[PDB]
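Residue numbers (PDB author numbering): 1 to 38.
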């Protein structure tokens, strides 16, 4: 399951391809937070 999401805090668009949606939900929040924090 590939998942596209763009963080406002960097202006970059991310696409995360993980075999589990269980993995994707982590990769989804952690990226967006790390851009709005770092």
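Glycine included, C-beta positions come from ideal geometry on N, C-alpha and C.
Check: Using a Cβ-Cβ cut-off of 8 Å (strictly less than) and excluding sequence neighbours within five positions of residue 19, which residues of its own chain qualify?
Finding: So the qualifying residues of the chain are 1.
Checklist line | residue 13 (DSSP reduced to helix, strand or coil) | finding: DSSP places residue 13 in strand when its eight states are reduced to three.
Item checked: Extent of the continuous beta strand (DSSP E) run through residue 6 -> Counting along the chain, the beta strand (DSSP E) containing residue 6 begins and ends at 2-7.
Next item on the list: Measure the CB-CB distance between residue 5 and residue 38 and report whether it falls below 8 Å.
Entry: Their beta carbons are not under 8 Å apart, which means residue 5 does not touch residue 38 by this criterion.
Next item on the list: Please report how far the alpha carbon of residue 9 lies from the alpha carbon of residue 34, in whole angstroms.
Entry: Residue 9 and residue 34: Cα-Cα distance of roughly 9 Å.
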